[PDB]
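First comes one chain, alone, set out as structure tokens in the form deposited in one PDB entry.
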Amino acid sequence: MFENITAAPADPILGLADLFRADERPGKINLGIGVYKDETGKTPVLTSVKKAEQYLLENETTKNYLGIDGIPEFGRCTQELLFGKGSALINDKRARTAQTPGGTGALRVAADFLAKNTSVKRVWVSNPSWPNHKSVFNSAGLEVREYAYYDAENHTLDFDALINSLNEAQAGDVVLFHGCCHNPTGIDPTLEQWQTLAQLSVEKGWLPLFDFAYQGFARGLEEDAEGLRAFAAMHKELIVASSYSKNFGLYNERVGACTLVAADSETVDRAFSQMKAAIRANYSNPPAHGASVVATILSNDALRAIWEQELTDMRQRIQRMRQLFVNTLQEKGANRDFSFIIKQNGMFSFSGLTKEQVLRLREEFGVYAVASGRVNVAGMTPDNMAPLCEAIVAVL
């Protein structure tokens, strides 16, 4: 029976939406969206995907099931996006990709895989991190440990505290990294911190699980992977859960992948079969649509050229909204160096506002931010940058 089931709490994101889409003051602003918005304040569908969809609409002849791993062309592409082209990983066939229902689905299946085929009991998530991480892992039955990361004072990657907390991890634990655009700090390890953090990762014997979901939002497709790639040079085994929900604007089509790298072809094919069984038990096979779109775009030199350009457009909008934000504040009369904002990558960053400040900002000005003072830079337009920075200063 259900009558005594105790109602769940409000999600650390979703709640805002509602008080937002209710806030009688239309002059409002929402910065706790996590989704991208253009200069208009709309989340359009990429032209490349539109072209991609009409193509499929014209070409699909059946909607018969996909393999448990989804569409091959999609798999090989993500592989090349992650590890590059001449990646031995690929050439030796010690990587197997499965199309999953989004980055989350990739995480949960890597979870159910690990949690039911290996002795991995704990997964080291950083402090802070995307909130759903824990829920995902915990639902697999695994425990979520936390390694330090953010430096509240200096607004940076406290590498010391980082390696420090990690040592408390036993050889055998899965340590969860963010390929680029660390949600929610927006602070990322330099190619040098990664390399050391990778070598120190083989020595202690960590099982790396890369959450790669904002590839292309920091520096570009290639650059944004140099980290994962660094770990993938030293490690013989690893798991990477990629999400095409942001960079291809395919949010709701649930497009992502769970790549598995093992020492060699035989071991990866052996383990992957078990990864497949984890999927058949979850949702059987993946939703073709979003992936068909992503496969054709990436395999079409013309359509890919457009996509790449569209992505760089998004990257640059955000990459400039940070400056507008920072210097507009300096004009509005702020007494606080917000420069650290410019240094950060991706859609997110921590404004440095107190849970109290973020509350009066909403309550007295209609500006919505995550309780964590996390602010979505992509929800800022030149049009609202002025009143935004205004409200913020009034509450500093």
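Definition used throughout: the rigid core is the maximal C-alpha set that superposes within 1.5 Å between two forms. Start at 1 and count along the sequence shown; that's the residue number.
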| property | result |
| --- | --- |
| Stretch departing more from the displayed form, 58 to 66 or 330 to 338, Cα RMS in 4 other deposited structures of this protein (core fit) | 330 to 338 |
| Core-aligned Cα RMS comparison in 4 other deposited structures of this protein - stretch that moves more, 256 to 264 or 152 to 160 | 152 to 160 |
| 40 to 48 or 352 to 360, whichever carries the higher mean Cα B-factor | 352 to 360 |
| Stretch exceeding the other in mean C-alpha B-factor - 174 to 182, 259 to 267 | 259 to 267 |
| Identity of residue with top Cα B-factor, from 27, 346, 34, 67 | 27 |
| Identity of residue with top Cα B-factor, from 219, 280, 108, 204 | 204 |
| Third of the chain, ranked by Cα B-factor, where residue 309 sits | lowest |
| Record-listed C-alpha B factor of residue 56: chain third | lowest |
| Where the record places residue 253 (Cα B-factor, split into thirds across the chain) | lowest |
| CA B-factor placement of residue 392, once the chain's modelled residues are sorted into thirds | middle |
| Assigned third (lowest, middle, highest) for the C-alpha B factor of residue 235 | middle |
